[PDB]
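Okay, so here's the structure we're looking at.
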Ligand SMILES: [Cl-]
Ligand SMILES: [Cl-]
Ligand SMILES: [Cl-]
Ligand SMILES: [Cl-]
Ligand SMILES: [Cl-]
Ligand SMILES: [Cl-]
């Protein structure tokens with residue numbers, strides 16, 4: 001039911017993905033799927049040496065802001081593809097991009113080129129930006 | 001081929017397991033399978049309020065040191081069951097213990113009562129005590 | 001020559017202290033991340049403030065690879081570190097009406113930001129969380 | 001009243017500094033962990049020194065739940081923290097020939113150990129890595 005993503009695991013997954021995206025010279029840039037794609041974008045950008053980073057912001061679908069063009073030469077990175085509503089729109093608007101995510105649930109999974117971790121459709125994922133390291137009582141209260 | 005266990009993930013897995021082992025009053029103590037079982041033992045001991053913690057030390061099988069008795073009322077905890085050579089001996093020498101591990105590869109998996117994470121037989125597992133947080137060059141060298 | 005080593009958890013603690021000072025969220029049109037250093041702090045602020053409008057500026061007569069349009073009115077501009085003031089001056093030139101904020105500030109960058117969380121000595125040898133990872137190390141024996 | 005918060009990574013850094021001082025490994029029959037606090041540092045030392053003989057002592061006229069036999073000759077005895085000296089005095093009584101070591105020492109425990117890595121003020125409010133975990137926190141918005 002619950003899946004907890006720590007910062008160190010997200011980075012491990014993002015670095016695994018960056019290794020698959022070598023060589024860096026094949027890319028013009030990275031488009032982050034906001035807000036969830038910002039952290040994995042920053043990690044891929046650091047690993048690949050890519051300084052051209054842009055965003056697409058999707059909120060009944062509303063586009064708040066988008067990077068221009070059809071995605072040719074670009075990585076488009078998400079943290080999670082879930083229902084496939086956002087992934088459908090991204091795959092459609094950037095048809096020539098290499099569309100990657102860290103996490104894929106089944107409804108989103110076949111709409112990306114690549115993902116690192118499969119998660120069941122009904123699992124509640126907590127990303128690192130949703131959590132804090134806090135005191136936790138012994139589970140037994142003893 | 002490679003599976004990296006961070007300290008924070010090991011703890012998450014050990015706390016999940018401790019929750020399954022409630023209530024704490026059903027246990028006389030915990031036996032750690034040394035050396036790998038020491039860290040998960042300490043986490044279970046903290047979560048369960050259990051102060052009676054002992055070890056079994058197995059090294060062609062040699063027993064360097066073992067806790068006395070048949071395991072009745074005890075949790076026996078390992079970090080990993082791998083080939084099943086150690087898990088066979090532990091399951092045999094502590095037949096009444098509740099034998100748990102964090103990680104199970106298939107050859108060891110059916111010799112425990114409970115485990116948290118399945119790992120493929122041929123995956124090289126790095127436990128937190130095998131690693132350090134160090135500077136890492138950008139994968140691209142750019 | 002001690003390394004100042006930032007953990008993911010410490011970066012998030014500092015980003016949250018900053019996000020608290022930027023409340024209420026309603027006052028902002030969005031966040032502009034200074035690429036690449038500002039992307040992770042932008043993801044944190046955007047979660048904390050419930051802001052979905054996030055854009056970037058990618059700096060090289062000021063030359064840019066890419067920039068969010070406008071003079072920054074209504075925007076938070078976020079960097080991880082203002083160090084020499086080189087990037088800080090290009091942000092003030094491009095976005096004179098943004099609220100320009102940083103996690104870390106050295107004295108050369110400090111005068112050019114609206115807010116920072118942690119100031120460090122100019123000489124500080126700073127490693128951000130994305131510069132470090134767990135790697136195998138042989139036993140000491 | 002600041003919390004002194006130990007991370008897993010910092011505990012391991014300190015345990016490794018200690019393991020380096022205990023080389024060579026050949027000089028030890030084994031390690032006795034002071035339960036429960038010493039179990040995690042025992043797992044680290046045992047990996048670093050390549051020691052497979054690890055035993056425990058579980059303290060309550062000194063009363064124990066369980067103890068490794070003998071007077072400690074050839075053994076490292078490891079605790080996480082010597083605080084009041086209450087546990088430290090029971091270890092010296094039971095294992096007068098052990099090399100008694102700790103990660104952390106407060107002044108009341110300090111005189112009763114052979115080695116420590118980090119000394120902290122007697123009043124320090126210390127959280128070990130196993131007292132903390134990642135938990136959901138609502139956004140600031
Ligand atoms: Cl989706
Ligand atoms: Cl085994
Ligand atoms: Cl940069
Ligand atoms: Cl700067
Ligand atoms: Cl205790
Ligand atoms: Cl003590």
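Note that each Cβ is placed from the backbone with ideal geometry, even for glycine, and that neighbours are counted across all protein chains shown. Throughout, read-outs are computed from the coordinates displayed, never taken from laboratory work.
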- Query: Within region C:52-70, is even one residue more than 16 Å from ligand 6 (Cβ to nearest atom), within 19 Å of residue A:43 (Cα to Cα) and out of contact with any strand residue (DSSP E or B) (no Cβ under 7 Å at 6 or more places or on another chain)?
  - Reply: yes
- Going through region C:118-141 in order, the residues found to be in a strand (DSSP E or B), touching a helix residue (DSSP H, G or I) at 6+ places or on another chain (Cβ under 8 Å), within 14 Å of chain D (Cβ to nearest Cβ) and surrounded by 15 or more Cβ atoms within 10 Å (Cβ to Cβ) are C:133, C:134
- Query: Of all strands (runs of 3 or more DSSP E) completely enclosed by region D:1-107, which ones contain at least 1 residues that are within 11 Å of chain B (Cβ to nearest Cβ) and more than 21 Å from residue B:131 (Cβ to Cβ)?
  - Reply: D:30-34, D:54-59, D:64-67
- Message: I need the full set of residues from region B:121-134 which are within 14 Å of chain C (Cβ to nearest Cβ), more than 12 Å from the chain's Cα centre (by Cα) and not in a helix (DSSP H, G or I), in order please.
- Response: B:124, B:125, B:126, B:131, B:132, B:133, B:134
- Query: Out of all the residues in region B:1-12, which are facing another protein chain (nearest Cβ under 7 Å) and in contact with a helix residue (DSSP H, G or I) (Cβ under 9 Å, 6 or more places away or on another chain)?
  - Reply: B:4, B:6, B:7, B:8, B:9, B:11
- Among what's in region C:93-109 and is over 23 Å from residue A:65 (Cα atoms) and in contact with a helix residue (DSSP H, G or I) (Cβ under 6 Å, 6 or more places away or on another chain), pick the residue that is nearest to ligand 6 (Cβ to nearest atom). C:103
- region A:13-28, residues that are under 14 Å from residue A:54 (Cα atoms) and within 13 Å of chain B (Cβ to nearest Cβ): A:27
- Task: Out of the residues in region A:68-91 that are touching a helix residue (DSSP H, G or I) at 6+ places or on another chain (Cβ under 9 Å) and more than 14 Å from ligand 1 (Cβ to nearest atom), state the one that is nearest to residue A:113 (Cα to Cα).
- Result: A:75
- Those residues of region B:59-83 which are buried (at least 18 other Cβ atoms within 10 Å of the Cβ) and away from chain A (no Cβ under 14 Å), in sequence order: B:67, B:71, B:74, B:76, B:77, B:78, B:79, B:80, B:81, B:82
